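Listed below are the residues making up each chain.
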Amino acid sequence: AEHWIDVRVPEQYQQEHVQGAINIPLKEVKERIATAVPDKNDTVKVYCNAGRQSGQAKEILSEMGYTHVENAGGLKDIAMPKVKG
């Protein structure tokens, strides 16, 4: 399976995000990715403004032992539709 998780800061998620995703900001991801994605084998697609929070989330998630995290891109570059908070 997979999940789309925006990891930018929560105030920036609300501006506009890829449709049908959830938001777990980089700041909060540690406390909560385990609740949103309880099985590590699941495919975690991460994005944000400009990829950073995703690249960073990818490091800590690999360390937490998720083996299938992928930076989908950044908000802009991702060709998928978007909706606003």
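- Judging from the entry metadata, solution NMR is the method by which this structure was determined.

1. What about the packing of aromatic side chains?
Then, number 1: If you walk through the whole model with that rule in mind, you get one aromatic pair.
Then, number 2: On the numbers, 6.1 Å between centres and 55° between planes, the contact of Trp4 with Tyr47 is tilted. Within this pair, whereas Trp4 is found in strand β1 (residues 2-6), its partner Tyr47 is found in strand β4 (residues 43-48), the two being separated by 43 residues in sequence.
Then, number 3: For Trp4, a relative accessible area of 18% translates into the label buried.

2. What about the UniProt feature "active site" in the protein chain?
Then, number 1: Using the residue numbers shown here, the UniProt feature "active site" corresponds to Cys48.
Then, number 2: The residue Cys48 is located in strand β4 in this model.
Then, number 3: By relative accessible area, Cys48 is classed as buried at 0%.
Then, number 4: Beyond its immediate chain neighbours, meaning those up to four positions away, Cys48 contacts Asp6, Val7, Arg8, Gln53, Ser54, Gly73, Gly74 and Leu75.

3. What about the nonpolar core?
The tendency in soluble globular proteins is for nonpolar side chains to be buried as a group.
Then, number 1: Within the largest apolar cluster, 13 residues are counted, with the highest numbers of intra-cluster contacts made by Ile5, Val7, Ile33, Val44, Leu61 and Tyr66.
Then, number 2: Contributing elements (two or more residues each) for this core: β4 and α3 (52-63).
Then, number 3: The element that contributes the greatest number of residues to this core is β4, accounting for three residues.
Then, number 4: In this structure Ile33 touches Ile5, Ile24, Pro38, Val44, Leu61, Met64 and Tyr66, once residues within four positions along its chain are discounted.
Then, number 5: In this structure, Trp4, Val18, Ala21 and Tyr47 belong to the second largest nonpolar core, which totals five residues.

4. Quick notes on the sheet that holds strand β5 (residues 69-74)
Then, number 1: The four strands are arranged β3-β1-β4-β5 in an open sheet whose pairing can be described as parallel. What marks the edges here is a single partner per strand, and that holds for β3 (22-23) and β5.
Then, number 2: Bridge analysis of β1 against β4 gives five bridges, and the strand direction is parallel. The residue of β4 that forms the bridge with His3 is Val44.
Then, number 3: Set on the sheet, α3 makes contact with β4 and β5; between it and β4 the angle comes to about 145°.

Cut-offs applied
Residues numbered from 1 in each chain as written, not as in the entry; some residues may be left out. Heavy atoms only, no water. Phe/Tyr/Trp six-rings, centres within 6.5 Å; stacked < 30°, edge-to-face > 60°. Helix = DSSP H or I, 4+ residues; strand = E, 2+ residues; numbered from the N terminus. Buried < 20%, exposed > 50% of the residue type's maximum accessible area, 1.4 Å probe, protein only. UniProt positions renumbered as here; feature names shortened; annotations may be inferred. Contact = heavy atoms within 4.5 Å. Core = buried A, V, L, I, M, F, W, Y, C linked by side-chain atoms within 4.5 Å. Pairing = 2+ DSSP bridges. Axes fitted to C-alpha atoms, helices over the stretch in contact; angles between N-to-C directions.

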